[PDB]
Amino acid sequence: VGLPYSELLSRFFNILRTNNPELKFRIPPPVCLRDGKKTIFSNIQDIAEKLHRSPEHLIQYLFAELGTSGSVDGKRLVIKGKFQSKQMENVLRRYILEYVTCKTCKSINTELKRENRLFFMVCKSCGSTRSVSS
Amino acid sequence: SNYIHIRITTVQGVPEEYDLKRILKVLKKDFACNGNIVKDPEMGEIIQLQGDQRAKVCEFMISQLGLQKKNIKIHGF
Amino acid sequence: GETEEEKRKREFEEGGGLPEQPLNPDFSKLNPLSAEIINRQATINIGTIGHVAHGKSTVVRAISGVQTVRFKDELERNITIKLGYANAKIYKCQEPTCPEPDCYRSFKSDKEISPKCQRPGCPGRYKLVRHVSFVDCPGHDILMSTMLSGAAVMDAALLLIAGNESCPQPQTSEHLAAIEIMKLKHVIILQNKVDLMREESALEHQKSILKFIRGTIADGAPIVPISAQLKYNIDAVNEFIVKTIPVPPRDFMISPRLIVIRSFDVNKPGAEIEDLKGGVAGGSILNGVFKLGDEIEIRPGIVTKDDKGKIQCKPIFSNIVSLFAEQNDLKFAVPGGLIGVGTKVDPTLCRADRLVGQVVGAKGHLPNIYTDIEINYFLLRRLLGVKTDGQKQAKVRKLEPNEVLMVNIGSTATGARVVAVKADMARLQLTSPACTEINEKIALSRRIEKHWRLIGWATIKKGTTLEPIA
RNA sequence: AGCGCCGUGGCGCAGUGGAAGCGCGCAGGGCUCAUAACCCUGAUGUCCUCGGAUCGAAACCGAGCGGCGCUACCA
Ligand SMILES: Nc1nc2c(ncn2[C@@H]2O[C@H](COP(=O)(O)OP(=O)(O)CP(=O)(O)O)[C@@H](O)[C@H]2O)c(=O)[nH]1
Ligand SMILES: [Mg+2]
Ligand SMILES: [Zn+2]
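Residue labels here follow a simple count from 1 along each chain's written sequence instead of the entry's numbering, which may differ, and residues missing coordinates are not shown. For naming, the first written chain is A and the first written ligand is 1, with later ones following in the order written. Scope of values: the displayed chains only, which are part of a larger assembly. Only hydrogens and water are set aside when side-chain values are computed; all heavy atoms of the structure are taken into account. Residues with missing side-chain atoms are left out of burial classes, side-chain pairs and their counts.

**Q** Before we go on, may I ask you to explain the protein's contact with RNA strand D in this structure?
**A** Any residue with a heavy atom lying within 4 Å of a molecule or strand is counted as near it. The full set close to RNA strand D counts 24 residues, and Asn-116, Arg-117 and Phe-119 of chain A together with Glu-76 and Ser-322 of chain C are the nearest of them. The sugar-phosphate portion of RNA strand D accounts for 64% of its atoms within 4 Å of the protein, the bases making up the rest. At 2.5 Å, a side-chain N or O of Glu-76 of chain C approaches a base nitrogen of RNA strand D. Any pair of N or O atoms that falls within 3.5 Å is considered a polar contact. Within protein, one atom must be able to donate a hydrogen and the other to accept it, and sequence-neighbouring residues count only if both atoms are side-chain atoms. In this structure, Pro-269 of chain C approaches RNA strand D through a main-chain N or O atom, which is 3.2 Å from a sugar or linking oxygen.

**Q** I would appreciate a short explanation of the UniProt feature "domain: tr-type G" in chain C in the present structure.
**A** As recorded in UniProt, the sites labelled "domain: tr-type G" are residues 41-250 of chain C. The span residues 41-250 of chain C carries 25% helix and 21% strand; its end-to-end C-alpha distance comes to 15 Å. UniProt positions are given in the numbering used here, feature names are shortened, and annotations may be inferred rather than shown by experiment. A run of DSSP states H or I qualifies as a helix once it reaches four residues; a run of E qualifies as a strand once it reaches two. Both are numbered from the N-terminal end.

**Q** Quick question: what am I supposed to make of the coordination of the zinc ion (ligand 3) here?
**A** Coordination angles at a metal have ideal targets, namely 109.5 degrees for four tetrahedral donors and 90 or 180 degrees for six octahedral donors. Each metal site is built from N, O and S donor atoms within 2.8 Å (3.2 Å for Na, K and Ca), and since water is not included, such sites may look incomplete. Here the zinc ion (ligand 3) is held by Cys-105 of chain A (SG) and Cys-123 of chain A (SG), and the distances to it run 2.3 Å. As far as burial versus exposure is concerned, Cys-105 of chain A and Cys-123 of chain A are alike and both buried. Using a 1.4 Å probe on the protein chains alone, a residue whose accessible area is under 20% of its type maximum counts as buried, one over 50% counts as exposed, and one in between counts as partly exposed.

**Q** Sorry, what's going on with the arrangement of the chains here?
**A** We call two residues contacting when some pair of their heavy atoms lies within 4.5 Å. Structurally, chain A and chain B remain out of contact, their C-alpha atoms never closer than 10 Å. The closest approach of any C-alpha atom in chain B to one in chain C is 14 Å; the two make no contact.

**Q** What am I meant to see in the packing of aromatic side chains here?
**A** Pairs were defined over the aromatic rings of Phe, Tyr and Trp, the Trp ring being its six-membered one, requiring ring centres within 6.5 Å. Orientation was assigned from the angle between planes: stacked under 30 degrees, edge-to-face over 60, tilted for the rest. Per the stated rule, a full pass over the model turns up eight aromatic pairs over all chains. On the numbers, 4.9 Å between centres and 20° between planes, the contact of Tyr-61 of chain A with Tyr-95 of chain A is stacked. Assigned by exposure class, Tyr-61 of chain A and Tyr-95 of chain A land together as buried. When the centroid spacing of 6.4 Å and the interplanar angle of 20° are considered together, the rings of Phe-378 of chain C and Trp-457 of chain C count as stacked. Within this pair, whereas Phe-378 of chain C is found in strand β15 (residues 368-379), its partner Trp-457 of chain C is found in strand β20 (residues 451-466), the two being separated by 79 residues in sequence. Relative accessible area serves as the criterion here: at 41%, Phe-378 of chain C is assigned to the partly exposed category. Through successive ring pairs, a cluster of aromatic residues spans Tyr-61, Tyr-95 and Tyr-99 of chain A.

**Q** For this particular structure, what's the right way to read the packing of helix α1 (residues 20-31) of chain B against helix α2 (residues 54-63) of chain B?
**A** The relative placement of two packed helices comes down to the angle between their axes together with the axis-to-axis distance. All names here are of chain B. Only the stretch in contact is used when a helix axis is fitted, and all axes are lines through C-alpha atoms; the angle between N-to-C directions ranges over 0 to 180 degrees. As a packed pair, α1 and α2 sit with axes 11 Å apart at the nearest point and diverge in direction by 130°. Judged by the inter-axis angle, α1 sits oblique to α2. Once α1 is placed against α2, the crossing between them reads as right-handed. Contacts between α1 and α2 involve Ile-23, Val-26, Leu-27, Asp-30 and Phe-31 on the former and, on the latter, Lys-56, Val-57, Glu-59 and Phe-60. For classification purposes, an angle smaller than 35 degrees is called roughly parallel, one larger than 145 roughly antiparallel, one from 65 to 115 roughly perpendicular, and anything else oblique. Definitions for this section: a left-handed crossing has its near helix turned counterclockwise from the far helix by less than a right angle. A right-handed crossing has that turn clockwise.

**Q** When you look at the domain arrangement of chain C in this model, what are you seeing that I'm missing?
**A** Put simply, an interface is often sized by how much accessible area is lost when its parts join up. Residues and elements named next belong to chain C. Boundaries of every domain are those given by an automatic assignment or by a domain database. Segmenting chain C into domains produces domain 1 (41-250), domain 2 (251-366) and domain 3 (367-462). Each of domain 2 and domain 3 was reduced to a C-alpha centroid, and the two centroids are 27 Å apart. Across the contact, 15 residues belong to domain 2 and 13 residues belong to domain 3. Summed over both partners, the accessible area (1.4 Å probe) lost when two parts come together is defined as the buried area. Summed over both sides, the interface between domain 2 and domain 3 buries roughly 1200 Å², with carbon and sulfur atoms accounting for 69% of that surface.

**Q** What exactly am I supposed to notice about the pairing of strand β1 (residues 32-35) of chain A here?
**A** Successive side chains on a regular strand alternate, one facing one side of the sheet and the next facing the other. All names here are of chain A. For two strands to count as paired, DSSP must find a minimum of two bridges between them. Where β1 and strand β2 (residues 38-41) come together, four bridges link them in antiparallel fashion. Opposite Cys-32, over in β2, you have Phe-41 as the bridge partner. Connecting β1 to the next strand, β2, in antiparallel fashion are two residues, including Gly-36 with a positive phi near 70°.

**Q** Which parts of the structure should I look at to understand unusual backbone geometry?
**A** Across the chain, the bulk of peptide bonds are trans and the bulk of non-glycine residues have phi less than zero. Residues and elements named next belong to chain C. Not every positive phi belongs to a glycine, and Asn-233 is a case in point at roughly 55°. Under the relative-accessibility criterion, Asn-233 is labelled buried at 9%. Backbone geometry at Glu-440 places phi at a positive 60°, although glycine is not the residue there. Mapped onto the secondary structure, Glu-440 falls in the loop between β18 (425-436) and β19 (442-449).

**Q** Just to check I follow, could you spell out the pattern of salt bridges for this structure?
**A** Oppositely charged side chains can form a pair if their charged atoms are brought close together. All names here are of chain C. By definition, a salt bridge exists where a carboxyl oxygen of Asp or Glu is found within 4 Å of a side-chain nitrogen of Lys or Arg. Applying the stated criterion across every chain, the model contains 16 salt bridges over all chains. With its nearest N and O atoms 2.8 Å apart, the salt bridge here joins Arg-40 to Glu-326. Residue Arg-40 is found in helix α2 (residues 35-40), and its partner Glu-326 is found in the loop between β11 (311-325) and β12 (328-329); the two are separated by 286 residues along the sequence. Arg-40 gets classed as buried once you look at its relative accessible area, which sits at 2%. A cluster of three or more residues bridged by salt bridges with shared partners is formed by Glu-2, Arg-10, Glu-14, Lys-116 and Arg-125.

**Q** Is there a simple way to think about the site of ligand 1 in this case?
**A** Around ligand 1 sit 16 residues in total, of which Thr-104 of chain A together with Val-52, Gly-55, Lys-56 and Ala-228 of chain C are the nearest. More than one chain lines the surroundings of ligand 1; the residues nearby belong to chains A and C. A distance of 2.6 Å is found between an oxygen atom of ligand 1 and a side-chain nitrogen or oxygen belonging to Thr-104 of chain A. Contacts to ligand 1 include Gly-139 of chain C, whose backbone N or O atom sits 3.4 Å from an oxygen atom. With residues, only the protein chains shown are counted as cover, and all accessible areas are computed by Shrake-Rupley using a 1.4 Å probe. Considering ligand 1 on its own, with 670 Å² of exposed area, one finds that the protein chains cover 84% of that surface. Class assignment for the residues of the shell around ligand 1 results in five nonpolar, nine polar and two charged. Three classes are used, and their members are as follows: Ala, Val, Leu, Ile, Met, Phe, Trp, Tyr, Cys and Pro are nonpolar, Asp, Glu, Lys and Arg are charged, and the others, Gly among them, are polar.

**Q** I would appreciate a short explanation of helix α4 (residues 145-153) of chain C in the present structure.
**A** Spacing of three or four residues puts side chains on the same side of an α-helix, whose turn is 3.6 residues. Taking burial as the measure, the nine residues of α4 of chain C include eight buried ones, the bulk of the element. Within α4 of chain C, burial applies to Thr-146, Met-147, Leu-148, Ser-149, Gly-150, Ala-151, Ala-152 and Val-153 of chain C.

**Q** When you look at the environment of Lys-56 of chain B in this model, what are you seeing that I'm missing?
**A** All names here are of chain B. Residue position: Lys-56 is located in helix α2. Each C-alpha atom, one on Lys-56 and one on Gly-13, is 16 Å from the other, the two residues being 43 residues apart in sequence. In this structure, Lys-56 is in contact with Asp-30 and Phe-31, ignoring residues within four places of it in sequence.

**Q** Can you walk me through the pairing of strand β5 (residues 156-161) of chain C in this structure?
**A** Residue and element names in this part refer to chain C. For β5, the buried fraction is high: six of the six residues fall into the buried class. In terms of strand pairing, strand β1 (residues 44-49) meets β5 through four bridges, oriented parallel. Bridge assignment links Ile-49 to a residue of β5, and that residue is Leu-159. The pairing of β5 with strand β6 (residues 187-191) spans five bridges and is classified as parallel. Note on β6: the bridge partner recorded for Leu-160 is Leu-190.

Here it is as structure tokens:
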């Protein structure tokens, strides 16, 4: 008897329509200021709250990708040189593909915890447990 | 991982499914350029190529061994 | 201003905590649903079956909350060889006012005997209907022997099907056939994906699944939509487990035994060896009650080769130091549950894959190791687990003499050589030690397409005994 | 979870014990009619955060961080 099957499926669809009326896109366009010799990104903490990441880890990765380690001020990263703005758009999109969005599911709220010595990637919608720290 | 790249010229990062001296023999003829198989003190594989021919070595691994063609990064330099 | 841990501790003490098992309770009265048995040990084993790249550990984790490791770096992502374990407690609301579908609530191992209901508006609590063990089984085309062993251990089935891929996937059909082989009919069909689907795609997939299960052994198998990522509609699965699946006949009359499927060594590195622990054989008890401080011998045990090529079997006697079940050390063991027997067996004997499918008997029994066995085999028509590109799913041929074929006698994974071929019976020569106690359910697989492929079922009828060397 | 390595000048490599290292880069200058080649000069650092013995520590030692690599999921 498949009668008690359709009721649960309709309940699931109603739960979806309740939770997800739109069916993630909460990633703002980066704003980098080029003062001739000084490039300032005052959007690091705003994307920290728009991606649910630890800002220290964001800054450590953004240092580890380039040959630069600027200054943290406050909610903003400071570096002194000639650099573009599209580069960190690509950096953010790749970082979203690798950490901010889980490859398995479309969710942003997922984040980095420490269950050993390394960083373990965990989710918030489900709780998927993989080792994504490199 | 398995990151392959070309730096102004040299190719650093080479999977070794085929022989490196065979790599020299399949590069030297078509490219007509000098190539040196140098063993640096414990980095990846080093193969030289005189004259900037980065797109040409792109064509080359397209011909011989390239199977991913996405992690190979054309450096500015 | 209570810390969350303090509030949880208050709820745990309020919920009665977890009463310790009696040291010596009356067993002629104990039932699998008794309060003392149910609080700290699982009584029914539920296994999950599905196709690759679908997600079974995720559903088990969502149901219970106990994580399934997925170890060995390379296996952290693709497929696991050893089985997955997870303890869940069936808690049902005592209040009639709240709706039946969300009355049930599955909790994890160390929860109290009565937690507070999380639904808003119900001051009631939960009562423990059953403690359930979960045995996650691999569903890849390479790893079958572990899945067959765990399905032999398995008593209740959860089939997982996702919709957006092809409706007739072969792996789930193969696992269902394997379950049908070993006397198991309580199967619950679960839809993995419902959210990303349209309201008619789901109905078409359901029609396809119903069409699929019409001529197989299981007939009245319910189908339930579930989610592995969103973590919804888990209480309905709990209700279906409570309703559809009863307790298989398992009382205290039958003799004690053990079927070890995993071997665990307890050697914490970095700590001085002055304070160590014994080696653990992870085994299922389907028949018998095991108590703390018992003498037990692994029957196939030490396999060795003499200089003449003869295979010597040395049974591994050992004293039980602990019987770890569920979350806490317990005094007595319940049949129908995967328990870790931590004995004085040398830890290197439980290192990686040594006690994977080995029969073990308590002192007071004499199992029989066999070298040559007589088997009754029954075959199927089409090979399951193969996607033929439009031409007649492969027909299984008859067996030939002297072929190494994988004869999974329950948990034992052995490659036997056929010595005799007839319509129903066959003589199997075993280079690896195998043992028989009563009947043992057996699966048969051949090598036709590289990896092992199931053909049919088998039952031992006789055998050539090897007398233990004392 | 431990044990075997690392802590850059854009990078690779070195001695770590009296105080910024060599080279690959970069820029500038010299050579040449000119280019290449060759030759000279630079500016890029808490050589990872915190302490100890020491007139003095980048090192000698640690009370830990960040990443590596072997065991192997280490009830
Ligand atoms: N969209 C979606 N993804 C899911 C669902 N369930 C699981 N997944 C995905 O599956 C991944 C986990 O797969 P996993 O359980 O390891 O697969 P597996 O059980 O090892 C396959 P096999 O049993 O053959 O070994 C997660 O990263 C998750 O994103 C679901 O219901 N919906
Ligand atoms: Mg697994
Ligand atoms: Zn996720």
